[PDB]
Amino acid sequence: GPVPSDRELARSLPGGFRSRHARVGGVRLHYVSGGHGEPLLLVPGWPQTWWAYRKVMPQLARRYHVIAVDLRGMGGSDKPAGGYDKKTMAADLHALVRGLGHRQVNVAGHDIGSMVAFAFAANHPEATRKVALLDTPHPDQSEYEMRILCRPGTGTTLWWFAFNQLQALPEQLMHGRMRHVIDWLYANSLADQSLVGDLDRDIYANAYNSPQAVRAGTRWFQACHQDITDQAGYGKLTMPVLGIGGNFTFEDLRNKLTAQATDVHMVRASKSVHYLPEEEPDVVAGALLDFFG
């Protein structure tokens, strides 16, 4: 059944967060901001919303003016026909913080949002103070080397990477049924399932359960070829970079970031598989606070 609105959710957090909207380049974005200090943009990924950062936002709000956004195609934000490449979505966020009167910001992103975080630093270095990448590197040529099958007992099948490439079938299969997808993902990541409760899962499922919302989600993934091409155009990132890697992705994240960025710092979230802000918020909040300063 129904879940609380974004205003209800934002207000439920300590730190005085408010749910807001802003229109950038004709597209309306939802974000939740609060706290005081230098600006900190938080970007979530699939299939989640700004609410993915709930466990860390209050602590961060003590030091930063936190801006937690729904990406284009996500949650309360508009779901236009296109522009789901990370370069365009990063430009969205850039227009946003600039519209808010910020010349440069701290940026952290998770999952799809980490890609957007990287694209932001890549395309808008002057507006980028520091950037933190949570678990997920930007697409590059290595995306084409991902294997369909893992040998038994090794790693997790990244099935949704192939599946979300598809036209039509995803919304056809997943509409109304996104809670099952969320349950599968959490079942193959959380050390304790109670790390993300029923309500939290239902908030994501409700945001993604319509065919248009599923579809918008897939566009982030279908954009991968374009993202890969754009990535070839990026010079190395030279501002401070933070990579926070889960227990099984850490060394691959370190490799990619050290190759694509010149001032890289790494942190290992040893008790996490992927949903870092939810699996080890203590590590993410602490890492970001020490890193952004």
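The numbering used is simple: start at 1 and walk along the sequence shown.
A.B. asks: Which wins on mean Cα temperature factor, 66 to 74 or 231 to 239?
C.D. replies: Here the higher of the two C-alpha B-factor means belongs to 231 to 239.
A.B. asks: For the higher mean C-alpha B factor in the entry, choose 212 to 220 or 157 to 165.
C.D. replies: Going by the record's values, the stretch with the higher mean is 157 to 165.
A.B. asks: Identify, among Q226, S33, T49, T258, the residue whose C-alpha carries the highest B-factor in the deposited PDB entry.
C.D. replies: Among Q226, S33, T49, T258, the highest C-alpha B-factor in the entry belongs to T258.
A.B. asks: From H110, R151, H175, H180, pick the one with the largest CA B-factor in the entry?
C.D. replies: The listed residue with the largest C-alpha B-factor is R151.
A.B. asks: Could you say whether, by C-alpha temperature factor, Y204 belongs to the lowest, middle or highest third of its chain?
C.D. replies: Tercile = lowest for this residue's CA B-factor.
A.B. asks: What third of its chain, lowest, middle or highest, does the C-alpha temperature factor of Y144 fall into?
C.D. replies: Its C-alpha B-factor, which the entry lists for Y144, ranks in the highest third among residues of this chain.
A.B. asks: Taking the entry's C-alpha B-factors for this chain, is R20 in the lowest, middle or highest third?
C.D. replies: Bottom third by C-alpha B-factor.
A.B. asks: Would the CA B-factor of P170 place it in the lowest, middle or highest third of its chain?
C.D. replies: Its C-alpha B-factor, which the entry lists for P170, ranks in the lowest third among residues of this chain.
A.B. asks: Just say lowest, middle or highest third for the CA B-factor of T136 relative to the other modelled residues in its chain.
C.D. replies: It falls in the middle third of the chain.
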